[PDB]
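Close look at the chain arrangement
Below, each chain spelled out in residue letters.
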Amino acid sequence: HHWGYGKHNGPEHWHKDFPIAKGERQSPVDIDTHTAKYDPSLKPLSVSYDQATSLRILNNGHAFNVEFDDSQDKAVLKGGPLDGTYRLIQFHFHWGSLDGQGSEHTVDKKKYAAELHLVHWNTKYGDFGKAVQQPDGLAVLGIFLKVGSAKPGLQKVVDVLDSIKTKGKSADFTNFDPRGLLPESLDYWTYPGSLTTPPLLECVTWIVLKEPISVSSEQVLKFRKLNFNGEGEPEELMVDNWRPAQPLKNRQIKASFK
Ligand SMILES: CCCc1ccc(S(N)(=O)=O)cc1
Ligand SMILES: CCCc1ccc(S(N)(=O)=O)cc1
Ligand SMILES: [Zn+2]
């Protein structure tokens, strides 16, 4: 794998090694709020993170991931459009070089400063690897970030970034509560899509919250000081690690709210 976000290995190149990049249910997409329809068949959404067990934070050269113990039903997502139980495995963000860009999904073409992805796999498939071979294998909860007041529940993440500056670095990140990253409202849009990075697999039920969280300029500035490169290599700032909106094709976006 040599894909990235630069001019020479970015989203316009991915299809050459991952042909599904031009598939029928790719993500992200623009959410046209006027075209999205309230769906009364959606069940209440349940985010149950009270027993979440975070483990580690890692710079993988594309973003940073906070990883969780998913060997049991400790932190799960249920309800909404979902059939069954989806276990939290990791979260990460995508962000921009400037406040006016960074999100992957857009809302009426509006780009947010960043986007948080909480990644879950369908427990009926036994493990994450098997889940990504299924059309309903994954559920990703997406949350927009705008720049304004600081998000206190994000600060522990911001503070540890100095220790994972470069690709391949990791640090202990136990006892982190991901509930501190959510907005007040769970109103959402949902549609069937894909991973937004290679391998771009079409396994994801996307649940994108309507209400953004606010983070401070200082918090997002710290994200932008991370490096795509490994230690000892020329420095490339980890910024603009987002894929732009892809064709909606034969899909409808549903809203949980009237
Ligand atoms: C020297 C690496 C060149 C290169 C390899 C792979 C990709 S892709 N199709 O985005 O995975 C783009 C550029
Ligand atoms: C091995 C796949 C890892 C992975 C890639 C992309 C995503 S995302 N940006 O949430 O669609 C989640 C997990
Ligand atoms: Zn993501």
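Conventions used here
- Residues numbered from 1 in each chain as written, not as in the entry; some residues may be left out.
- Chains lettered and ligands numbered in written order.
- Heavy atoms only, no water.
- Residues with missing side-chain atoms left out of burial classes, pairs and counts.
- Helix = DSSP H or I, 4+ residues; strand = E, 2+ residues; numbered from the N terminus.
- Rg over C-alpha atoms; globule rule 2.2 N^0.38 Å.
- Contact = heavy atoms within 4.5 Å.
- Near = heavy atom within 4 Å.
- Polar contact = N/O pair within 3.5 Å; in protein donor to acceptor, adjacent residues only side chain to side chain.
- Areas by Shrake-Rupley, 256 points an atom, 1.4 Å probe, with all protein chains shown as cover.
- Nonpolar A, V, L, I, M, F, W, Y, C, P; charged D, E, K, R; others polar.
- UniProt positions renumbered as here; feature names shortened; annotations may be inferred.
- 1 Å grid on protein atoms, 1.4 Å probe; cavity = no way out; pocket = protein on both sides within 12 Å on 5 of 7 lines; lining within 4 Å.
- Buried < 20%, exposed > 50% of the residue type's maximum accessible area, 1.4 Å probe, protein only.
- Sits in = over half its atoms within 2 Å of the grid points.
- Donors = N, O, S within 2.8 Å, 3.2 Å for Na, K, Ca; no water.
- Tetrahedral: all angles 85-135°; square planar, octahedral: opposite > 155°, others 65-115°.
- Core = buried A, V, L, I, M, F, W, Y, C linked by side-chain atoms within 4.5 Å.

By the method listed in its record, X-ray crystallography, this PDB entry was determined to a resolution of 1.080 Å.

Focus on the overall build of the chain
Counting its secondary structure elements, the chain contains three helices and 15 strands. In summary, the chain has a C-alpha radius of gyration of 17 Å against a globular reference of 18 Å for 258 residues, a match within 12%. Based on the C-alpha atoms only, the size of the chain along its principal axes is roughly 55 × 40 × 40 Å. Taking the intrachain contacts of the chain between residues at least 6 apart in sequence as the baseline, contacts between residues at least 24 apart amount to 71%.

Details of the site of ligand 1
Residues in close proximity to ligand 1 include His2, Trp3, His8, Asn9, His13, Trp14, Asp17 and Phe18, which together make up its full environment. One of the backbone nitrogen or oxygen atoms of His13 is found 3.0 Å away from a nitrogen atom of ligand 1. Contact between ligand 1 and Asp17: a nitrogen atom at 2.7 Å from a side-chain N or O atom of the residue. Contact with the protein chains hides 60% of the accessible area of ligand 1, taken as 370 Å² for the molecule alone. Residue composition of the shell around ligand 1, grouped by class: three nonpolar, four polar and one charged.

Thoughts on the UniProt feature "binding site: Zn(2+)" in the chain
UniProt's entry tags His92, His94 and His117 with the feature "binding site: Zn(2+)", counted in the numbering of this structure. The greatest C-alpha distance among the annotated residues, which extend across 26 residues, is 8.2 Å, indicating that they converge on a single site. Of the annotated residues named above, the ones that line the largest pocket are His92, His94 and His117. Apart from residues no more than four positions distant in its own chain, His92 is found in contact with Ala63, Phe64, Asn65, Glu115, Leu116, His117 and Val119. Side-chain polar atoms of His92 contact the side chain of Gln90, separated by 2.8 Å. Assignment of secondary structure puts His117 in strand β9 (residues 114-122). Of the residues examined, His117 reaches a relative accessible area of 2% and is grouped as buried. Look past the residues within four positions of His117 in its chain and what remains in contact with it is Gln90, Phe91, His92, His94, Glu104, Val140, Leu141, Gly142, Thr196 and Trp206.

With respect to the site of ligand 2
Around ligand 2, the surrounding shell consists of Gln90, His92, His94, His117, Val119, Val140, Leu195, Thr196, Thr197 and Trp206. At 2.9 Å, a side-chain N or O of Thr196 approaches a nitrogen atom of ligand 2. For ligand 2, the protein covers 78% of the area, taking 370 Å² as the surface of the free molecule. Here ligand 2 occupies the largest pocket. Listed by contribution, the elements that provide at least two residues to the shell around ligand 2 are β7 (86-95) and β9.

Some details on the UniProt feature "domain: Alpha-carbonic anhydrase" in the chain
Residues annotated by UniProt as "domain: Alpha-carbonic anhydrase" correspond here to residues 1-257. Secondary structure content for residues 1-257 is 7% helix and 29% strand, and the end C-alpha separation is 40 Å.

Here's the deal with the coordination of the zinc ion (ligand 3)
The protein atoms donating to the zinc ion (ligand 3) are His92 (NE2), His94 (NE2) and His117 (ND1), with metal-donor distances spanning 2.0 to 2.1 Å. Here the zinc ion (ligand 3) binds four donor atoms, and the angle range of 98 to 116° at the metal identifies the geometry as tetrahedral. Ordering the donors of the zinc ion (ligand 3) by residue number gives the pattern H-x1-H-x22-H. Each member of the pair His92 and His94 is classed as buried.

Structural notes on the nonpolar core
Most often, soluble globular proteins have nonpolar side chains that are buried together. The biggest cluster of nonpolar side chains holds 51 residues, and the ones touching the most others in it are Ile57, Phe64, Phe91, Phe93, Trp95, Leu118 and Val157. If you list the elements that add at least two residues to this core, you get β5 (64-68), β7, β9, β10 (138-147), α2 (155-160), β13 (204-209) and β14 (213-215). When residues no more than four places from it in sequence are discounted, the contact partners of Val157 are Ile57, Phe64, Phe91, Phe173 and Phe176. Listed in part, the 22 residues of the second largest apolar core include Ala36, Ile89, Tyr125 and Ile253.

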